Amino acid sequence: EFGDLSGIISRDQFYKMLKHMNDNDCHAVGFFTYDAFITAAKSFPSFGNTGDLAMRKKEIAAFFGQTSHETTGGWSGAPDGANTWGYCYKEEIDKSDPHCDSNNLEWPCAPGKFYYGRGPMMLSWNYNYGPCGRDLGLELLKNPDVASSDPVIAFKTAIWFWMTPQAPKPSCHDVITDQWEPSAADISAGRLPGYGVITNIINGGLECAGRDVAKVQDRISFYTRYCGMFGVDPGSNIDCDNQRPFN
């Protein structure tokens, strides 16, 4: 059963965290399931299985904090608070942009396919769908919409993103599990290990260094709620308002 996370996160906890995603007011009702999450996680053994018990729970809280924001349907004064509205969407609302970078040569854009955000991490662009597909043994470049029709695949794309360094960025996994050693240049950029660097990895060019404080605070609000629920310390350097984005 190693790699099965059901011993440290229960259905009760999963659906309490995501208490509105199955509400009629959300847009992917019944799509994201606890079983789909557990199955996806088995494909990435070290996810949720690195460190002591508290570290394992912290990683789960961080992953759900970030993916909850990517998928949020929250608003100011939402029932039970905006930090209860994660997983309200399974794909990007605006589907008009193919997100094709034709200058990349390894991952050709398939005709008529769109690489807009899908899944918990809102995976985007041919240059992410390509290597993700390669790594999962799936044809995601040719069939990107499987990432929004199969919940196991949807979660796998999100965990893949979480586990995968993309130079110069380390993996989110490495940051949250105290396995990332910042370079002297990272230190000069204010990028000290914590949830803040994770926000920076995901969308720092548009949100960090004070560029979108509201979005960053939303990411923090989910994470702190989830940490409180698991009873774990969220760690230091939770914000990224004094970090420079990665280059």
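One-based numbering along the sequence shown.
Of the two stretches 183 to 191 and 39 to 47, which shows the higher Cα B-factor on average in the entry?
-> Higher mean C-alpha B-factor in the PDB entry: 183 to 191.
May I ask you to compare 100 to 108 and 118 to 126 by their mean CA B factor in the entry and name the higher one?
-> Averaging CA B-factors over each stretch, the winner is 100 to 108.
Per the PDB entry, maximal CA B factor within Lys156, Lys90, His173, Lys142 | Across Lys156, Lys90, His173, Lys142, the entry lists the biggest C-alpha B-factor for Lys142.
Based on what the PDB entry reports, which of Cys132, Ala82, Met163, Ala167 has the top C-alpha B-factor?
-> Spelled out: the listed residue with the top C-alpha B-factor is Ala167.
Using the B-factor values recorded in the entry, state whether the Cα atom of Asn24 falls in the lowest, middle or highest third among the modelled residues of its chain.
-> Highest third, going by the recorded CA B-factors of the chain.
Third of the chain's Cα B-factor distribution that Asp218 belongs to, per the entry = Middle third.
Using the B-factor values recorded in the entry, state whether the Cα atom of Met55 falls in the lowest, middle or highest third among the modelled residues of its chain.
-> Within its chain, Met55 is a middle-third residue by C-alpha B-factor, going by the deposited values.
Cα B factor band for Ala62 (lowest, middle or highest third within the chain) = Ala62: CA B-factor falls in the lowest third of its chain.
Divide the modelled residues of the chain into thirds by Cα B-factor and specify which third, lowest, middle or highest, holds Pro151.
-> Tercile = middle for this residue's CA B-factor.
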